[PDB]
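Just the one chain here, the form deposited in one PDB entry, laid out as structure tokens.
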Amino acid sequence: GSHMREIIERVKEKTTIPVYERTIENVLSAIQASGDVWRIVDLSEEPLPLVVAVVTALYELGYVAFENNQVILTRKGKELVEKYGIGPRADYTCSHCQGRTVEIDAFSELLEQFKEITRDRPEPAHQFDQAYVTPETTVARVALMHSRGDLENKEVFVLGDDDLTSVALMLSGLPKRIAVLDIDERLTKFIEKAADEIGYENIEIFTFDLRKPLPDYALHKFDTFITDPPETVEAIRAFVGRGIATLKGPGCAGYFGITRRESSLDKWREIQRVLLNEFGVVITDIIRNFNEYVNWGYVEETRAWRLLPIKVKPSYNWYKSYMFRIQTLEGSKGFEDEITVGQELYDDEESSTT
């Protein structure tokens, strides 16, 4: 246990994010499958500052080197993983649905129509923690929600919409109505334009900062919400918890992404406790890597770029999130308080992509 304990102790010198032996193993498993740091973050499913602290520790202690912009094991690193029985991570993700559990064959035309309308979507804004999902992801969200009975003739709230779910939902023709908000008036303007272009008239669009309580006319009036939030626990409240407060009562649904990239499993535990104890909802589904995010232009201006020991733009869409589905029950409630935070809505110790 000494070699492993020494690494763990070194990591704890570098980060206040929890670390366990299993943290080191996930990183070491990943490094054996790939030398690209982005991909090591992805495959390890650890948050990026923790992976950087672990890779640094491993370098310091002699177990890893940086060669030709790859993170590699040294001979001593090879002996370390052989001694502990850590092999490379195998992956058997369904090559058909990309692990989403839903196929989007039935929505091909809607995906083509969605690509055509969003070809000029607002570029992601660093100040609002933006990054849109692939169009295939946005269409997969519709299909998932429809498969669980949460769109057809339902009143749908979209809290934040860089992903332009509201456009795919207008294209589907399923909801009875849609309300959408966002802080970014480029997106509220774009959705308006797209609704005019579609001839969809049961949408209400508004600009809003979710640090503030939603107005009464958003409250207790919707069947389904979807949001794709920042990952501080305050943002989870501001986005997911306000989504829950839009819901009519029991038997309504909420959809949102949560990453392993910017949230440790200790933070997931805290988030789950919020859901189950503060809001009283049930989690019906948690589906790995459901959301695939398109690499954002502002990468070189973020923490992640500053932390990484090898600084090369990602070559593939390394950043993914799990889709959560929740459902209200007798007693569930939402979040209605004001949040007074500035940039810390987005930024905590585990985040790095602003």
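Numbering starts at 1 and runs along the sequence shown. So that the term is clear: the rigid core is the largest set of C-alpha atoms that superpose within 1.5 Å between two forms.
The same protein also has a form deposited in another entry, omitted here; what follows describes it.
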{"query": "Flagged residue of 272, 134, 147, 127 - C-alpha shift reaching 2 Å or more between the shown form and the other one, core superposed", "finding": "127"}
{"query": "Flag for residue 308, CA shift 2 Å or larger between the shown form and the other one after aligning core", "finding": "yes"}
{"query": "Residue 16: Cα shift of 2 Å or greater between the shown form and the other one (core-aligned)", "finding": "no"}
{"query": "After fitting the core, residue 209 CA displacement of 2 Å or more between the shown form and the other one", "finding": "yes"}
{"query": "Outcome for the Cα pair residue 52, residue 303 in the other form, compared with this form (closer or farther; change of 3 Å or more)", "finding": "closer"}
{"query": "Change in CA distance between residue 52 and residue 128 in the other form, which is 3 Å or more, as closer or farther", "finding": "closer"}
